[PDB]
Amino acid sequence: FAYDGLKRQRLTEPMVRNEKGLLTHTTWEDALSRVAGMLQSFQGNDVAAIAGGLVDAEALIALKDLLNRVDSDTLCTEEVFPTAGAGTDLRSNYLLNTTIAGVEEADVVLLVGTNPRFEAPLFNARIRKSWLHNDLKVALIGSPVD
Amino acid sequence: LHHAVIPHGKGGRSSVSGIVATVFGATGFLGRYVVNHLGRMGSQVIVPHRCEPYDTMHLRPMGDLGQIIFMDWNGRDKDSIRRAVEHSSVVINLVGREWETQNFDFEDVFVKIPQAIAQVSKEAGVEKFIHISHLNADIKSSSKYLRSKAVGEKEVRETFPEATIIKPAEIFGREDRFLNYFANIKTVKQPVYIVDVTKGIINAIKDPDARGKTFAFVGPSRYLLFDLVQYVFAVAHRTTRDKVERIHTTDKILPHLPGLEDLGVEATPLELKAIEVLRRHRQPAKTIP
Amino acid sequence: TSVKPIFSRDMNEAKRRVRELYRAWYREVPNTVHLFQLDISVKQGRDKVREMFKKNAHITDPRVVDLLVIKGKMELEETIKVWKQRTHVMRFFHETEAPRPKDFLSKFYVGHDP
Amino acid sequence: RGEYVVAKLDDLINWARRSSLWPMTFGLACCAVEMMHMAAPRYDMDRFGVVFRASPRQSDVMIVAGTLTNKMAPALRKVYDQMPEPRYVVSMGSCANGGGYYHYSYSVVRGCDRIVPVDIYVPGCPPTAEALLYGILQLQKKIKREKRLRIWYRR
Amino acid sequence: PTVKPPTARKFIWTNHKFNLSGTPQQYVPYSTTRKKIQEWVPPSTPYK
Amino acid sequence: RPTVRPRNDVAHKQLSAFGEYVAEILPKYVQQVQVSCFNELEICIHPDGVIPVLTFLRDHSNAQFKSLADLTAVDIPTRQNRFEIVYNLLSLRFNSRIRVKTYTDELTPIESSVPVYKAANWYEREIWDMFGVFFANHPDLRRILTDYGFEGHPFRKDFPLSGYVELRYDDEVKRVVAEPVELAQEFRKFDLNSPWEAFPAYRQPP
Amino acid sequence: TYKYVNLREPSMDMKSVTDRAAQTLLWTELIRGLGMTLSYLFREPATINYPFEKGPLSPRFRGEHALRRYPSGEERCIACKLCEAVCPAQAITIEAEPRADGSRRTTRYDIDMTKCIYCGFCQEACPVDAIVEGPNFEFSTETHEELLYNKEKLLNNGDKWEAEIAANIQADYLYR
Amino acid sequence: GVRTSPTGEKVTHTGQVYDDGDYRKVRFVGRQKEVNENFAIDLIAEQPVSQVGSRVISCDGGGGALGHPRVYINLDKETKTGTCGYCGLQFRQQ
Ligand SMILES: CCCCCCCCCCCCCCCCCC(=O)OC[C@H](COP(=O)(O)OCCN)OC(=O)CCCCCCCCCCCCCCCCC
Ligand SMILES: NC(=O)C1=CN([C@@H]2O[C@H](COP(=O)(O)OP(=O)(O)OC[C@H]3O[C@@H](n4cnc5c(N)ncnc54)[C@H](OP(=O)(O)O)[C@@H]3O)[C@@H](O)[C@H]2O)C=CC1
Ligand code: SF4
Ligand code: SF4
Ligand code: SF4
Ligand SMILES: [Zn+2]
């Protein structure tokens with residue numbers, strides 16, 4: 001039901017700041033020329049980028065490639081993950097390695113610091129299915145949410 | 001931008017170009033090509049016409065449904081000018097006779113009317129204004145036609161400073177009063193093709209660098225009036241005092257002004273198109289380097 | 001990989017038919033230009049025929065070539081018999097279509113299509 | 001006065017031209033049959049001064065009565081270009097008005113107004129012979145409103 | 001209708017109109033639906 | 001039963017017997033024979049058998065199919081031979097009809113049947129025009145229904161309904177010009193098929 | 001059973017041969033043909049005096065479309081889109097949403113009268129007698145755009161023509 | 001409920017009007033905007049609520065086979081009236 005949010009507060013035009021400091025519509029040529037000029041005058045740590053929560057992989061790699069062309073590695077996300085140890089070197093460090101369908105074969109689930117019902121509702125529905133049909137045992141560490 | 005004028009489609013008859021153009025003098029020789037090109041890419045075109053609706057019927061098939069709108073206007077009436085321009089984003093002026101009439105002299109059509117359109121357009125908020133003058137416009141000119149153009153060119157530039165003023169040589173084309181003028185009969189002429197002029201005007205609408213500028217639209221080659229006229233009869237296998245003054249006026253050379261090549265339009269030689277114009281009437285002409 | 005031939009049993013015999021069709025088209029262009037009172041020069045007409053032929057230079061199936069020749073002979077017949085009108089002959093030249101740019105930036109500015 | 005003179009000269013040629021409308025009919029398809037029924041005795045278009053069979057060289061109005069295909073579009077435009085002026089076009093039926101029931105076809109021109117200018121659109125698939133007669137009488141009233149001479153005088 | 005008059009209704013036109021094509025009263029088509037996508041309006045106060 | 005079309009067993013048996021008759025006589029070409037529940041006989045043959053099978057049906061004394069009612073094609077993209085060529089013949093002597101079917105693809109030529117029926121002339125031109133099937137030894141194969149210089153075969157299932165180009169008169173060049181098709185209103189596709197099976201008797205095994 | 005249209009033997013006796021000779025030379029059949037056209041000159045013509053006289057039409061006649069109302073003035077249309085589904089020409093375009101009072105009603109209802117084939121399938125398919133083809137057939141226009149009806153045009157047609165439309169439906173609805 | 005906007009254009013019963021900066025209103029210059037002035041939403045609100053003596057009432061819109069499909073309306077709630085989903089007539093229980 002959130003799709004209706006795709007019809008409102010939409011960005012439909014490039015915008016740059018005018019002499020008043022206010023955003024004003026402009027062409028793709030103008031907006032990109034302004035961005036390119038700044039990009040060509042900076043290097044290394046002077047350039048960074050933060051990726052949001054709905055960004056696709058094609059945009060993520062393109063932006064990575066572009067900042068690498070100016071020798072920047074500051075490609076960051078908004079969602080933290082401890083970089084200590086292996087960090088992101090090994091995929092298994094940050095994956096749901098059992099898979100969603102694997103919950104139906106587990107016999108004990110330990111949930112640590114999370115509310116799966118609202119964070120991953122269909123993943124929580126898959127736990128309840130195991131809890132119902134397999135007598136799965138579930139333990140939680142954290143706030144006693146429903 | 002406004003949501004209704006964002007371009008859409010692939011630039012064809014049913015597309016949306018984003019241009020809402022009011023074209024004064026659209027029922028003549030240049031206007032038909034201008035309106036045709038505007039409607040090719042899906043522009044909203046307002047056509048203020050002084051003439052019969054019957055004389056505007058050749059413009060109806062030039063735009064998809066609803067894209068060509070017709071209004072009555074009177075050059076002396078400012079309200080009728082206001083009605084036709086207050087919704088447009090660009091106003092194009094192609095008004096002008098090649099002769100004087102008891103009701104309108106060259107001052108009326110080349111000074112009073114262009115200035116009235118420019119004043120109303122400025123007040124109404126129109127952002128783009130394109131005004132057609134002449135290459136040989138000059139207050140020191142023998143031709144009253146060309147003297148009026150120079151004055152009107154000045155008043156247009158002072159009333160609508162951002163106006164793009166275009167100065168073409170004599171234009172040759174199927175309906176022209178140039179090659180057809182000779183075929184029905186010291187000076188160096190540099191005539192320009194009608195389609196090139198049309199593209200130049202359209203490209204000026206789309207180019208922000210063209211605002212406030214004056215252009216000179218001239219063909220690729222300069223000819224001697226005698227040599228050119230000989231060519232016309234060879235291809236065709238064969239009037240007023242002022243008209244003769246203009247045809248005998250050497251085409252000015254204005255290197256400082258931008259031209260068609262600035263607007264990305266490659267000028268077309270007269271030799272590729274002379275047959276097109278003159279076939280209906282049934283060896284090159286030395287060029288001046 | 002056993003198939004019924006159209007006309008030619010291998011690409012050698014097919015190339016012969018292509019060359020004969022090309023000669024017929026090449027000789028016809030001056031007549032077409034005159035008969036249809038075209039505003040293109042004979043050189044433009046011949047360069048168009050050449051460009052139409054080179055478009056299919058990469059084919060290696062003798063059956064596909066045979067159909068291309070069969071279609072081309074039909075087009076040539078329609079031109080010689082004056083079954084086509086001048087509008088049909090000039091549709092090879094796309095004279096009222098604005099050049100569509102082919103580089104990335106031009107496409108990006110104008111729309112979404114690749 | 002000269003105003004009053006052109007007013008009556010306008011009324012005269014306009015009266016003459018709408019009292020003598022000679023059509024040539026592109027009977028392209030179905031709608032031609034209803035056009036024939038308008039010439040038939042019940043409606044007798046000839047009694048309005050509209051002759052039945054007129055050569056294209058002497059025609060004043062073209063009636064596009066039926067579907068205009070892509071293969072036929074060049075021929076329609078040819079005949080229109082050869083009509084001497086003044087000339088008017090009546091578009092008859094959904095097909096000619098805008099493609100109609102074959103609008104989405106690959107071989108059909110979506111409205112004859114893409115090829116020639118049109119003065120009157122007669123709706124229907126097909127319009128009744130009397131509906132077409134209404135459109136013809138509406139063209140006469142359109143001609144009656146013409147003011148070529150008054151505009152010429154004011155040039 | 002002098003013998004069997006039509007059924008009166010509140011909304012039926014009291015004044016009949018003839019064909020209005022070619023006059024100032026002619027029908028002009030337009031889309032009866034409202035705008036579907038709302039654009040974001042940038043803030044008025046400066047902040048960069 | 002008032003609302004149900006009655007069966008005709010006499011005609012069904014008779015058409016089946018003639019189906020075997022033809023198959024026994026021309027085993028070199030007949031691949032299948034079937035009779036529909038509304039009594040229409042179909043002979044499915046190898047394409048090499050066009051001329052022999054049609055000549056036999058026209059001239060044989062117990063056939064005598066003198067009239068070629070219709071000749072058409074059907075595009076079925078899922079088949080490797082996407083085109084199915086259908087001959088519908090009529091016998092006045094025996095007051096009967098028969099359908100003969102063969103197949104081809106975009107490149108394999110079919111033998112022209114003009115020698116057997118002069119009616120096939122324009123029908124085969126239409127098939128070439130609409131489907132792109134080439135008929136060998138046709139006295140005059142060329143388009144018949146489409147515009148001159150028209151590219152493509154409109155009746156193929158993958159040819160779009162509104163085509164690729166559209167015409168208009170352009171005042172700049174003073175002639176009718178062709179341009180890529182743009183529609184003010186796109187044709188609206190409807191998904192009408194119900195997700196529930198209607199005819200169990202035609203179910204295909206999984 | 002059959003008959004011959006032209007399998008006759010012309011008599012070759014002198015009387016018959018002279019009958020055909022007199023016919024050839026005296027043009028008797030041609031003069032007989034003149035009699036038939038003469039009898040028509042004195043027949044009353046079948047022309048009617050349009051627009052002061054109209055050709056006869058029945059209550060079922062399919063003419064210009066209109067959107068109808070209930071006696072209270074409420075619109076009959078409920079945006080069910082059965083008309084749009086059946087339209088053979090795809091001439092109808094509909095959009096709908098809940099009205100301010102919660103009713104199921106259209107926000108768009110257009111008919112491209114230059115796509116329409118005037119088949120009447122839409123009035124057959126409508127479950128509430130909302131869309132009809134009325135008796136008007138005299139609505140030719142001077143521009144293409146005038147024939148692209150939207151909901152405001154269609155409702156105005158209903159209000160304009162309801163008196164006659166209701167009487168026509170009253171006459172024919174027992175055959176539906 | 002015909003209502004003109006600040007630009008003077010009438011707002012239709014679907015709430016449609018061209019905003020100030022919309023070029024598309026040039027189509028009405030020298031002509032007119034077809035607007036039907038009998039708003040169905042206002043007309044049905046003028047109809048009184050019927051008082052009935054049963055929990056369930058049926059509506060066919062009037063005119064028998066000339067109305068809409070016959071439906072049955074439950075009148076158990078007392079907070080609001082029962083509305084016909086086809087014609088919008090309202091019923092209340094007594
Ligand atoms: C005592 C001694 C006396 C000696 C003299 C005796 C002479 C009298 C006896 C001889 C009679 C002579 C008749 C002269 C008239 C011409 C007859 C004639 O030529 O008819 C033959 C001609 C062709 O007939 P066809 O069917 O084609 O067969 C022959 C072709 N191999 O048929 C045709 O003409 C074709 C028909 C053409 C006409 C069609 C259109 C008009 C028909 C109606 C006109 C009515 C007549 C109007 C009378 C005008 C009076 C002012
Ligand atoms: N073509 C050429 O050789 C050159 C042309 N130009 C300029 O280009 C413009 C158009 O060229 P062209 O198209 O050839 O001129 P045209 O005469 O071909 O068309 C002129 C237009 O002006 C309109 N017009 C003329 N006088 C009046 C008036 N008093 N009130 C209202 N409308 C009027 C005409 O409308 P109506 O049909 O109602 O008279 C017509 O539409 C002119 O300004 C001309 O000076 C410049 C250089 C060369
Ligand atoms: S508009 Fe209707 S009647 Fe006329 S040609 Fe087309 S389908 Fe036939
Ligand atoms: S009459 Fe037929 S074609 Fe016209 S809108 Fe109704 S269903 Fe569609
Ligand atoms: S007019 Fe009738 S069929 Fe069409 S959407 Fe409205 S209620 Fe449904
Ligand atoms: Zn109800």
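Only heavy atoms go into these numbers, but all of them, side chains included; no hydrogens, no water, no symmetry mates. Quick note on labels: first sequence line is chain A, next is B, and so on, each numbered from 1.
Looking at G:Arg68 and G:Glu162, a side-chain N of the basic residue comes within less than 4.0 Å of a carboxylate O on the acidic one, giving a salt bridge. Contact check on G:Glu95 versus E:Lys36 returns a salt bridge, with a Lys/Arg side-chain nitrogen under 4.0 Å from an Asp/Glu carboxylate oxygen. Taking 4.0 Å as the cut-off between side-chain N and carboxylate O, F:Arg203 and F:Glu197 count as a salt-bridged pair. Salt bridge present: G:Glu84 and F:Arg188 bring a charged side-chain N and a carboxylate O closer than 4.0 Å. Salt bridge present: A:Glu104 and A:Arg126 bring a charged side-chain N and a carboxylate O closer than 4.0 Å. Electrostatic pairing of G:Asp110 and G:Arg108 counts as a salt bridge here, judged by a charged N lying under 4.0 Å from a carboxylate O.
The aromatic rings of G:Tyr118 and G:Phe139 are tilted relative to each other, their planes meeting at an angle between 30° and 60°.
Between the side chain of H:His68 and the main chain of H:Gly61, a donor-acceptor pair closer than 3.5 Å is present. Although no hydrogens or angles enter the test, the distance criterion places no donor-acceptor pair under 3.5 Å between the side chain of G:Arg105 and the main chain of G:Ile78. H:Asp42 places a side-chain N or O within donor-acceptor distance of the main-chain N or O of H:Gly1, the cut-off being under 3.5 Å. Here the side chain of G:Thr106 pairs no donor or acceptor atom with the backbone of G:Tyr109 at under 3.5 angstrom. Under a 3.5 Å cut-off, the side chain of F:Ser162 and the backbone N or O of D:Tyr104 do form a donor-acceptor pair. Listed for the E:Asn19 side chain is a donor-acceptor partner under 3.5 Å among the backbone atoms of G:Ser140. One N or O on the side chain of D:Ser94 and one on the backbone of G:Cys116 form a donor-acceptor pair closer than 3.5 Å. No side-chain donor-acceptor contact under 3.5 Å links A:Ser130 to the backbone of A:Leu136. Within the 3.5 Å criterion, the main-chain N or O of G:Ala79 finds a donor-acceptor partner in the side chain of G:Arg104. Using modelled atom types, one side-chain atom of H:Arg27 and one backbone atom of H:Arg24 make a donor-acceptor pair closer than 3.5 Å.
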Q. Hey, mind stepping through G:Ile94 and G:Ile92 against side-chain contact (heavy atoms from CB on, under 4.5 Å) and telling me if it holds?
A. CA-CA 7 Å; G:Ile94 303 174; G:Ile92 304 171; 3.7 Å; yes
Margin query: Between E:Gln26 and E:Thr23, is the side chain to side chain donor-acceptor pair (under 3.5 Å) condition met? List the steps.
Written below: CA-CA 6 Å; E:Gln26 68 197 269; E:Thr23 79; 5.6 Å; no
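The residue from H:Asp20, H:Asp22, H:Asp19 that alone fulfils the side-chain hydrogen bond (donor to acceptor under 3.5 Å, both in side chains) condition with B:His2 is H:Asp19.
When the side-chain hydrogen bond (donor to acceptor under 3.5 Å, both in side chains) test is applied to G:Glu152, the partners found at least two apart in sequence or on another chain are H:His13.
Within a 6.0 Å radius of CD in A:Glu105, other residues, nucleotides and ligands contribute 12 heavy atoms or fewer. Heavy atoms of other residues, nucleotides or ligands lying less than 6.0 angstrom from CG of A:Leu122 number 12 at most. For E:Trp40, the CH2 atom is densely surrounded, since the number of other residues' heavy atoms within 6.0 Å is greater than 12. Counting non-hydrogen atoms of neighbouring residues, nucleotides and ligands closer than 6.0 angstrom, the CZ atom of E:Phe11 exceeds 12 such neighbours. Heavy atoms from other residues, nucleotides or ligands lying under 6.0 Å from CG of H:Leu66 number more than 12. Heavy atoms from other residues, nucleotides or ligands lying under 6.0 Å from CD1 of A:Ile50 number 12 at most.
At least one side-chain heavy atom of H:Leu43 sits under 4.5 Å from a side-chain heavy atom of E:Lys10. At a threshold of 4.5 Å between non-hydrogen side-chain atoms, the residues H:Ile44 and H:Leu89 count as touching. Using a 4.5 Å heavy-atom cutoff, the side chains of H:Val71 and H:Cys84 are in contact. Under the 4.5 Å side-chain criterion, counting only non-hydrogen atoms from C-beta, H:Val17 is not in contact with H:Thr12.
Remark: the E:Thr33 side chain and the E:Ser31 side chain contain an N/O donor-acceptor pair separated by less than 3.5 Å. G:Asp159 and H:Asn36 form a side-chain donor-acceptor contact under 3.5 Å, judged by distance and modelled atom types alone. Side-chain atoms of H:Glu34 and G:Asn156 form a donor-acceptor pair, as typed in the model, at a separation below 3.5 Å.
With A:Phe123 as the aromatic partner, A:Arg117 does not meet the cation-pi criteria of under 6.0 angstrom to the ring centre and within 45 degrees of the ring axis. Because its NZ or CZ atom is both nearer than 6.0 Å to the ring centre of E:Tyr27 and within 45° of the ring axis, G:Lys153 counts as a cation-pi partner of that residue. In this structure, H:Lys33 forms a cation-pi arrangement with E:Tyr30, its terminal cationic atom sitting closer than 6.0 Å to the ring centre and no more than 45° off the ring axis. With a 6.0 Å cutoff to the six-membered ring centre and a 45° limit on the axis angle, A:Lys129 does not count as a cation-pi contact of A:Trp131.
Between H:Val11 and H:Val35 the shortest heavy-atom distance is O-CG1, 4.4 Å. The minimum heavy-atom distance between G:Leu155 and G:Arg69, with the atom names listed, is CD2-NH2, 4.2 Å.
Taking the six-membered ring where the residue is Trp, the centroids of G:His65 and G:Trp161 are separated by 6.0 Å or more.
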